[PDB]
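# Remarks on the overall topology
One letter stands for each residue in the lines below.
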Amino acid sequence: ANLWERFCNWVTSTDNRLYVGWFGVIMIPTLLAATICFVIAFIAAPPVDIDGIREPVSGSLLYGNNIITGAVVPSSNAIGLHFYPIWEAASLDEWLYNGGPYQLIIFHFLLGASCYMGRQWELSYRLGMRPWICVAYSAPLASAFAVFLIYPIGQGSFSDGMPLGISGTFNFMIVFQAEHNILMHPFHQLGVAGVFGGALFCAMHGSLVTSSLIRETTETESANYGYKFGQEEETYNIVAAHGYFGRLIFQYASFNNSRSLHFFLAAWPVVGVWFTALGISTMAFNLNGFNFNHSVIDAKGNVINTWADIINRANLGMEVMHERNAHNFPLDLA
Amino acid sequence: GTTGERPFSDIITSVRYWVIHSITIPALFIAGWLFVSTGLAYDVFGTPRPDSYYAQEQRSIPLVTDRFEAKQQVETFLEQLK
Amino acid sequence: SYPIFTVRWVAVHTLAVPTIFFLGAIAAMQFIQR
Amino acid sequence: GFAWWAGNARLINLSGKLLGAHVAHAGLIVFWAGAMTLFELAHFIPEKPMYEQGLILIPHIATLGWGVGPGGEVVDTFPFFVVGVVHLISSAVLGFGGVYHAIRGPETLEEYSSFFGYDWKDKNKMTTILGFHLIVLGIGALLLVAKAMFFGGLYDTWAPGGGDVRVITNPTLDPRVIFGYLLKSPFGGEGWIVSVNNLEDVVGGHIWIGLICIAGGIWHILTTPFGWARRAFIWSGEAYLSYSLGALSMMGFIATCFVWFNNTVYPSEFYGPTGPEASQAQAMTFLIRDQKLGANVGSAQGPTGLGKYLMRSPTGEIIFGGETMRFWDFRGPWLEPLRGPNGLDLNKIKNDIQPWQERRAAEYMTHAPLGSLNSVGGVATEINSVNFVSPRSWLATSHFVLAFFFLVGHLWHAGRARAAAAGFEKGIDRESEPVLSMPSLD
Amino acid sequence: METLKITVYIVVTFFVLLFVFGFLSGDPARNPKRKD
Amino acid sequence: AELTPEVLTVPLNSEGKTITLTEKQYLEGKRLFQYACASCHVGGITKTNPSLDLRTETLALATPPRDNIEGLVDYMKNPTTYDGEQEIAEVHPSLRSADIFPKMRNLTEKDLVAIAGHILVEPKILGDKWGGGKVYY
Amino acid sequence: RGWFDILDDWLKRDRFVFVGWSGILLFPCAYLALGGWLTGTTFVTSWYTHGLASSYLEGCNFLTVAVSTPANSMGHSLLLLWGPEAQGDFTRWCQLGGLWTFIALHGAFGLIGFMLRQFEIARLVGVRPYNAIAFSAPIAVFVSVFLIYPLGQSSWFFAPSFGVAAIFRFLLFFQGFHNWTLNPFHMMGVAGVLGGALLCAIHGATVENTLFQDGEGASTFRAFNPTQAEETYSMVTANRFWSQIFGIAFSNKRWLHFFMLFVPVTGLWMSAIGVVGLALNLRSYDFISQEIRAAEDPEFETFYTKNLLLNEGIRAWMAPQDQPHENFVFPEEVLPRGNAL
Ligand code: CLA
Ligand code: CLA
Ligand code: CLA
Ligand code: CLA
Ligand SMILES: C=Cc1c(C)c2cc3nc(c4c5[nH]c(cc6nc(cc1[nH]2)C(C)=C6CC)c(C)c5C(=O)[C@@H]4C(=O)OC)[C@@H](CCC(=O)OC/C=C(\C)CCC[C@H](C)CCC[C@H](C)CCCC(C)C)[C@@H]3C
Ligand SMILES: CC1=C(/C=C/C(C)=C/C=C/C(C)=C/C=C/C=C(C)/C=C/C=C(C)/C=C/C2=C(C)CCCC2(C)C)C(C)(C)CCC1
Ligand SMILES: CC1=C(/C=C/C(C)=C/C=C/C(C)=C/C=C/C=C(C)/C=C/C=C(C)/C=C/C2=C(C)CCCC2(C)C)C(C)(C)CCC1
Ligand code: OEY
Ligand SMILES: [Cl-]
Ligand SMILES: [Cl-]
Ligand SMILES: [Fe+2]
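Residues numbered from 1 in each chain as written, not as in the entry; some residues may be left out. Chains lettered and ligands numbered in written order. Part of a larger assembly, values for the part shown. Heavy atoms only, no water. Residues with missing side-chain atoms left out of burial classes, pairs and counts.

As recorded in the PDB entry, chain F goes by Cytochrome c-550 and comes from Thermosynechococcus elongatus. One UniProt comment on chain F, placed under Subcellular location, says "Cellular thylakoid membrane". (UniProt positions renumbered as here; feature names shortened; annotations may be inferred.)

The PDB entry lists chain B under the name Cytochrome b559 subunit alpha, from Thermosynechococcus elongatus. We quote the UniProt Subcellular location comment for chain B here in full: "Cellular thylakoid membrane". Of the comments in the UniProt record for chain B, the one headed Sequence similarities reads "Belongs to the PsbE/PsbF family."

Structure follows, in structure tokens:
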């Protein structure tokens, strides 16, 4: 009942509409800082010399962008991996030109989202729950760390981190393909299997449970009113659902254990997205997708093109055009 | 929860199963091998051998460029090798 | 007292028999030289 | 109550079987270190740089000063053989003790002997085991000092004359230098402990850590946890594993950045150039080539208006131009002769570049750490021909992956330890659901 | 800028300190079942 | 198409005499070129001075002419600038400089002929792709 | 009880692999589409349609083999084995690209068969037919990408080829030529797919971490009985969790699982529509306001303009080898290139 124990008791209270927690104490300010800076920059930041060549890129709405083309632009290549807080700039004018706001946003964000993950652990403990939802969220969290931190570190500049904008995202992923052939990388291929398969199993699960709802309503009511929040009885018939899906394929390709079914739902996209985050994270150190360029040749030695050579042609058009003013020498090594 | 067929676990741990299938499995493998090692696969499907993508002094693809004369075009390219 | 030949039997060999053949064909291929 | 797929969890409270699990697994590590080294030696061709050969263990031994002489040239491969054989041999002994303790020895130890037996909840016994292992680690760190000072030294890429095996006679003991590294920023031009650029600091830091670990080892033998620690922690075997999992994850991330940026304790001679190094070497290569043709590299304005060859960093230093501007924090023995107080010195550039510097830059530009998964060297658009992936990429990527999964493992086991300790890791008691005893939020 | 640098230093130290001491204030015991 | 003796026939010297490599020699030369040369000359270009390629027409205009076995074998022992005005053994792999370029240490006289032959044959198979760079990948 | 009913009886017997009347359509078409893919990827070239190797027999690996599309000169021919192009010759049929139409057309009737199977089994077993409904999204994607798209273009040549890297090429073709990332119908499909994967993971995790303790073992899987009436996890505790973590939470388990049907299914339906537009080169390629400003003001630059330079790169560098029938000859001097590279 001393001042400190009372603060502790409110921080960790399960009666707060939004749970705060000790992780929340770091999460709330870092997320407010990132959010406010992002919004203000997206609307009004002046143009930013992303690639260090005094060729500024306009990112914000007031400087001629729409929602699709707008971005908060990565910080200057002249800065590389150096720390560029506001108080290191001679003026905000300078900080704005060199892309200062990007660093402020991505650092406060990566911190607050890390604490978001731990906040998910923390409230699970306060509620008497099992603990591993945060493990599920480490797959998206790791993917954001990969594109905003790991890839910058390996290539040596935050100017090659992912821009905070729709079209800037597409620019980042085109340049990535040109330089790493992410499409021919198996960890990206496993990401596609994770997100395609997770979309599949979402639709499967949702259609199978919806298919086996027990009749509780009339045809004038939404069927959803046949379930009441916190009723003890299940609302669908899993054995009917199993009896349908097992005949659609065969018996043993259908789950009859709801626990292993939902574990499977959790694990497939989580693991696929760990791998694709690990793909970005290892292409950061330039271990790139398979290279089958000119791998097939004929008895004389002529090259026989495959589809990989055709991929290579497109990759080359992407390479030679990107950052078209920023290279003075013939190899783009970072 | 069975429909009356014999269980797989019972079939593949069975002596009779493996007496039949220690013959059939390697025989089909050997068939498949011969299909390629003899050359038949090339002639059946029309797939160029490593020496017959191009004529000796030729670096032009023999692309089909006609819909109803395509069959004959391919034949003409093939004879530009003999 | 099981049957040997079933609809199941057929679906299995419809897949398994061409598989082994194709695997043999593709094994042979690793020894082709230009 | 564990399934076959969580079967090693059945060992938590069998101290004798769990001991065999650990010792057998240490056998596997030593085995790998031995077999791998002998594999690398059988394949080693000394005329080729190590980094064209796919070698990761031979470079670790060379870096300790065995088998090499000036400039990194391999002089004697026998120390490589010895290191491999002895590791290989010793895995048999670890293997023998581990399988004996896992299959045949006492399932539990605490009845056989109160010294080797332990309960995870015994905070005194646990800190004593920790204390022993700290003393051991301290000895290990001092063996590196022994080697550097009293048994032949270490390879020094910064030595005069192209690098050489040098004896460390004056290790840095000044704590403002040693601990000043720990307080350096991890961002660019600082680089935290990854920026260590000389062997005196490397050796003196290990003096410190050896003493600190022995000191702390003795401390934890002699004490038990204070009550503030008793209240902050979960005291269980899975909780202890989870603490170590976070530690190894942290360490794997640090090692990733170490092998990617550091060219002192990972000599480029052995490991290939760093990304930054190779990119700097390209700009050097074409500065040399163009100046020989008559270009005044200092006054050449490039397309953007920035210098084509040379420009300024944001704090004024003269640095290489083009996209490598980002890598100007790079420092390397082939480049430093050209640096003056304001950065690259135009008079040294015009007058004092040597053929060995031309060679080295050309070599490192053409061995930049880029390559495909199937080991085609270069940018992703390059044709097949060069079979090459930098040891730095192999070491960086692998250890990023392992560090990531061990932080996942940390979170897994920390959350389960917490929940098992409070008694709800198998789920919610239907008859005592906490949320049903709380007021609703609205 | 120095005023600002100082402010931010103070603000971060404050919230980090709250974090560390919060978790040292018997956090294992703050759960609905077994408290210790 | 195949690796016929006509494509394996290359100029031996400037007198016009010719030598007909074997397939064994051509493949040996290709492997040796990869071992010792490709890190800079992949595909017949030159990564550290792209103005000079291994195209036949370029070698023809070098002083000492290098579009023949002899000129190439001499180049591998005592490389010169393109006009022959200066020896560059110190910045270019060669037998003269195998102390500083150790991959040249274990190359025999016959290995030199095989490397030389591969370089002269390859543009006959690949045309413009050889020495052409990425436009032609 | 005549012959039709006796056959109905037999088609609908409970066996390891249910057949049904839909089986008559499904089983030959699925088997032929799958076998045509495996046959062509093991044995058949693309040398005469595309100038490419595309089979294991030729040296390709799993990533680069394909069943490639017919030559552009075939137009939209059905390429029937007995048609006027192959004229019964199997070998020429393969070399002209006949296996592409073979696989696409049998695949299409295969999907119809599969969806009729879903209807058939649902009617027999007594469940509502929402799995059939959800499968409409895969069908829409297939017919819009593999049939409508090439039917509004010049030929089958420009449909996706059935291979891993061939599909990678198709993705890149769409960026350079259609600027397909900019298309709002794709963007909605992206949100439907990534939206589904999130739903999949978040729902699985939630169930697994709100389980009731229904046995004593550390393996919580054993404590479920498929005939138990009781829910196996606490919707109430799950609801509290997410309300306090995220602000909002599901409270209706029927809505929750309907939403999981709805999200990915709508995403795919939306992407299909955009691809129908691209059948006609009806692209979301440009923003006009951006182009007017940029033409006038050489200092105006956005991520939008930067990406069109990349597109232009892709087009000129890939077109001659990707469209061999056009005989594009681009001298070195006309290729767009930034500095040095
Ligand atoms: C020092 C490291 C360490 C140690 C000692 C343990 C110990 C333990 N873990 Mg933890 N774990 C770790 C790291 C560690 N873990 C990491 C890094 C992760 C993240 C991936 C996890 C994730 C994890 C989960 C999810 C679970 C455990 C569980 C357990 C317990 C049972 C494990 C078991 O029987 O596995 C038996 C071993 C297997 C089933 C083999 C796994 C095979 C792996 C996945 C494939 C690796 C292949 C490799 C990449 C190479 C591919 C090439 C190919 C030729 C094979 C045990 C106490 C269980 C638990 O909570 O118990 C309380 C449990 O459910 N662990
Ligand atoms: C480094 C890997 C590792 C290690 C060291 C262990 C170690 C152990 N496991 Mg785990 N486990 C592992 C991986 C590992 N496991 C994986 C990957 C899985 C997934 C399948 C499991 C699943 C699992 C289960 C389900 C169980 C264990 C159990 C055990 C313990 C008793 C096993 C026993 O009675 O063996 C009996 C086995 C034999 C007698 C067969 C022969 C074994 C020998 C040692 C083969 C190797 C010989 C080697 C070549 C010898 C060289 C000799 C030389 C040294 C002289 C033992 C300490 C058991 C346990 O916890 O007991 C309470 C248990 O139930 N494990
Ligand atoms: C850390 C690993 C470890 C641990 C904790 C133990 C612990 C134990 N072992 Mg096992 N053991 C180990 C490794 C380990 N052993 C190995 C590697 C082997 C294979 C050689 C064996 C083989 C073994 C057998 C055959 C038996 C035991 C037994 C015992 C028990 C009594 C030991 C005793 O009184 O010796 C006290 C101390 C000594 C006898 C002197 C040891 C002096 C050592 C060898 C010198 C120090 C080594 C050095 C620090 C590191 C290696 C150097 C290298 C780096 C070059 C005890 C529970 C006994 C048991 O359980 O019976 C029921 C038993 O019969 N152990
Ligand atoms: C493997 C190494 C290891 C391990 C596991 C432990 C474990 C433990 N020690 Mg020991 N210790 C060690 C080595 C180790 N020690 C060594 C080498 C020394 C000698 C210097 C000591 C000296 C020591 C003392 C003096 C005390 C302990 C105590 C304890 C207990 C509480 C620890 C705690 O709360 O830390 C958690 C850490 C904090 C609460 C402080 C946070 C501040 C750190 C530095 C923040 C840095 C974070 C940052 C991201 C890291 C980057 C680097 C940074 C320096 C810039 C615990 C059992 C306590 C105890 O109960 O003694 C019996 C105690 O009072 N230890
Ligand atoms: C690449 C992604 C992808 C694949 C591979 C895939 C695959 C599948 N989805 C199915 C179902 C579903 N998919 C659904 C939603 C989704 N499906 C999605 C994405 C995919 N779905 C997405 C994103 C969603 C969310 C909306 C639902 C709701 C279902 C089901 O109910 C059903 C199922 O049972 O799930 C388990 C199965 C239908 C089986 C069948 O028709 O057998 C018969 C096979 C036939 C008729 C042959 C088709 C031949 C095709 C069209 C052409 C030939 C292709 C070659 C053989 C292969 C070429 C490969 C190269 C291109 C690389 C099958 C496992
Ligand atoms: C428990 C267990 C387990 C584990 C196990 C282990 C892990 C073991 C290990 C063990 C070990 C770890 C082993 C080792 C061994 C080794 C040895 C036995 C060696 C030998 C050597 C030699 C003989 C050598 C020789 C030589 C020389 C000397 C010289 C050079 C050459 C040569 C190489 C020849 C498992 C999982 C299975 C399962 C369950 C139970
Ligand atoms: C087309 C045609 C036809 C038909 C055909 C058919 C129907 C076929 C079939 C075929 C088939 C039916 C084939 C198969 C093949 C297969 C294969 C080739 C397989 C392979 C596989 C593998 C390789 C695997 C492996 C693996 C991995 C990799 C990992 C994991 C493990 C495993 C094992 C899974 C006809 C006559 C009408 C005529 C016209 C044309
Ligand atoms: O790829 Mn191409 O490489 Ca990684 O840097 Mn060099 O160029 Mn530039 O700045 Mn962003 O992008
Ligand atoms: Cl760009
Ligand atoms: Cl550059
Ligand atoms: Fe569900």
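Okay, the overall build of chain B next. Secondary structure assignment for chain B yields four helices and zero strands. Along chain B, helices and strands appear, N-terminal first, in the series α-α-α-α. For chain B, the spread of C-alpha atoms along the three principal axes comes to 65 × 30 × 20 Å. (Helix = DSSP H or I, 4+ residues; strand = E, 2+ residues; numbered from the N terminus.)

This part covers the nonpolar core. In terms of nonpolar packing, the biggest core is built from 106 residues, with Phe148 of chain A, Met50 of chain D together with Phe241 of chain G touching the most fellow members. The greatest single-element share of this core, amounting to 14 residues, is contributed by helix α5 (residues 133-155) of chain A. Apart from residues no more than four positions distant in its own chain, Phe148 of chain A is found in contact with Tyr102, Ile106, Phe109, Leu110, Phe158, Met162 and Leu164 of chain A. Ranked by size, the runner-up nonpolar core spans 73 residues in total, among them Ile383 of chain D, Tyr137 of chain F together with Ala166 and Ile314 of chain G. (Core = buried A, V, L, I, M, F, W, Y, C linked by side-chain atoms within 4.5 Å. Buried < 20%, exposed > 50% of the residue type's maximum accessible area, 1.4 Å probe, protein only. Contact = heavy atoms within 4.5 Å.)

A word on the site of ligand 2. Residues and elements named next belong to chain D. Around ligand 2, a shell composed of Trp4, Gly7, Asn8, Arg10, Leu11, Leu14, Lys17, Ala21, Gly95, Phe96, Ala102 and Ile103 is seen. One nitrogen or oxygen atom from the main chain of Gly7 is found 3.4 Å from an oxygen atom belonging to ligand 2. The separation between an oxygen atom of ligand 2 and a polar side-chain atom of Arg10 is 2.9 Å. At the level of elements, α1 (15-43) and α3 (78-104) are the ones that each hand at least two residues to the shell around ligand 2. Top element by residues in the shell around ligand 2 is α3. It accounts for four residues. Grouping the amino acids of the shell around ligand 2 by side-chain chemistry returns seven nonpolar, three polar and two charged. (Near = heavy atom within 4 Å. Polar contact = N/O pair within 3.5 Å; in protein donor to acceptor, adjacent residues only side chain to side chain. Nonpolar A, V, L, I, M, F, W, Y, C, P; charged D, E, K, R; others polar.)

Under the local residue numbering, the UniProt record ascribes the feature "transmembrane region" to residues 17-37 of chain B. Annotated as 100% helix and 0% strand, the span residues 17-37 of chain B places its first and last C-alpha atoms 30 Å apart.

So, on to the site of ligand 4. Residues and elements named next belong to chain D. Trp219, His220, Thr224, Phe226 and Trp228 are the nearest of the 14 residues found near ligand 4. Residue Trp219 places a side-chain N or O atom 3.3 Å away from an oxygen atom belonging to ligand 4. Between ligand 4 and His220, the relevant distance is 3.1 Å, taken from a nitrogen atom to a side-chain nitrogen or oxygen of the residue. Elements with a minimum of two residues in the shell around ligand 4: α4 (123-150), α6 (199-222) and α7 (227-232). Looking at the shell around ligand 4 element by element, the count peaks at four residues for α6. Taken together, the residues that form the shell around ligand 4 break down as 10 nonpolar, four polar and no charged.

This part covers the coordination of the magnesium atom of ligand 1. Protein coordination of the magnesium atom of ligand 1 is limited to a single donor, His413 of chain D (NE2), which sits 2.2 Å from the metal. Looking at where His413 of chain D falls in the secondary structure, it is placed in helix α13 (residues 391-422). (Donors = N, O, S within 2.8 Å, 3.2 Å for Na, K, Ca; no water.)

Let us look at the packing of helix α6 (residues 164-178) of chain G against helix α11 (residues 303-322) of chain G. Residue and element names in this part refer to chain G. Closest axis-to-axis distance for the α6/α11 pair is 8 Å, and the angle between their directions is 130 degrees. Relative to α11, the element α6 is oriented oblique. As α6 packs across α11, the resulting crossing turns out to be left-handed. For the pair α6 and α11, the contacting residues are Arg169, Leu172, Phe173, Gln175, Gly176 and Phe177 in the first and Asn311, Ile314, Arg315, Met318 and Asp322 in the second. Split into classes, the residues belonging to the contact of α6 with α11 amount to five nonpolar, three polar and three charged. (Axes fitted to C-alpha atoms, helices over the stretch in contact; angles between N-to-C directions. Parallel < 35°, antiparallel > 145°, perpendicular 65-115°, else oblique. Left-handed = near helix turned anticlockwise from the far one by under 90°.)

Turning our attention to the interface of chain D and chain G. Each side of the interface is counted separately: chain D has 17 residues, and chain G has 23 residues. Between chain D and chain G, roughly 1,700 Å² of surface is buried when both sides are summed, and carbon and sulfur atoms account for 57% of that area. The partner of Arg430 of chain D in a salt bridge is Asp214 of chain G, with the nearest N and O atoms 2.8 Å apart. There are nine residue pairs in polar contact connecting chain D and chain G. For the side of chain D that touches chain G, the class distribution of residues is 10 nonpolar, three polar and four charged. (Buried area = accessible area lost by both parts, 1.4 Å probe. Salt bridge = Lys/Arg side-chain N within 4 Å of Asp/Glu carboxyl O.)

Further remarks concern the pattern of salt bridges. If you walk through the whole model with that rule in mind, you get 40 salt bridges over all chains. When the shortest N-O distance is used, the salt bridge between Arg416 of chain D and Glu238 of chain D registers 3.0 Å. Taken together, the residues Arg416 of chain D in helix α13 and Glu238 of chain D in helix α8 (residues 237-261) connect sequence positions 178 residues apart. For the pair formed by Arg416 of chain D and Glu238 of chain D, the shared burial category is buried. Three or more residues joined by partner-sharing salt bridges are found here, namely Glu122 and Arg126 of chain A, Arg418 of chain D together with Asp27 of chain E.

With that settled, consider the interface of chain A and chain G. Facing 123 residues of chain A, the contacting portion of chain G comprises 115 residues. Of all residues in chain A, the largest losses of buried area upon contact with chain G belong to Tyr244, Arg259 and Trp307 of chain A, amounting jointly to 10% of the total for that side. For the interface between chain A and chain G, the tally reads four salt bridges. The salt bridge partner of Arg259 of chain A is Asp214 of chain G, with a shortest N-O separation of 3.9 Å. Taken together, the elements giving at least two residues each to the side of chain A that touches chain G come down to α4 (100-127), α5, α6 (166-180), α7 (186-211), α8 (238-248), α9 (258-283) and α10 (307-321) of chain A. Ranked by residue count, the leading element in the side of chain A that touches chain G is α7 of chain A, at 17 residues. When grouped by side-chain class, the residues that make up the side of chain A that touches chain G number 68 nonpolar, 39 polar and 16 charged.

Take the state of the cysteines next. The tally for this structure, following the rule as stated, stands at zero disulfides over all chains. Summary of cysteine pairing: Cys40 of chain F is not part of a disulfide, and the nearest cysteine sulfur, belonging to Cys37 of chain F, is at 9.0 Å. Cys60 of chain G carries a free sulfur, and the closest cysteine sulfur to it, the one in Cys94 of chain G, is 16 Å from it. Taking the relative accessible area as the measure of exposure, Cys60 of chain G reaches 7% and is therefore buried. (Disulfide = S-S within 2.5 Å.)

Quick look at the arrangement of the chains now. There are 15 pairs of chains in contact here, and the one with the most contacts is chains A and G. Structurally, chain C and chain E remain out of contact, their C-alpha atoms never closer than 53 Å.

Right, let's talk about helix α1 (residues 23-36) of chain F for a bit. All names here are of chain F. With 14 residues, α1 should reach 20 Å at 1.5 Å per residue; the first-to-last C-alpha distance of 20 Å fits that figure. All of the buried residues along α1 are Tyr26, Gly29, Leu32, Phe33 and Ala36. Considered in projection along α1, the buried side chains sweep an arc of 130 degrees and stay on one side of the axis. Residues of α1 that are buried sit in contact with α2 (38-41) and α5 (109-126). (Expected span 1.5 Å × (residues − 1). Arc of directions from axis to C-beta.)

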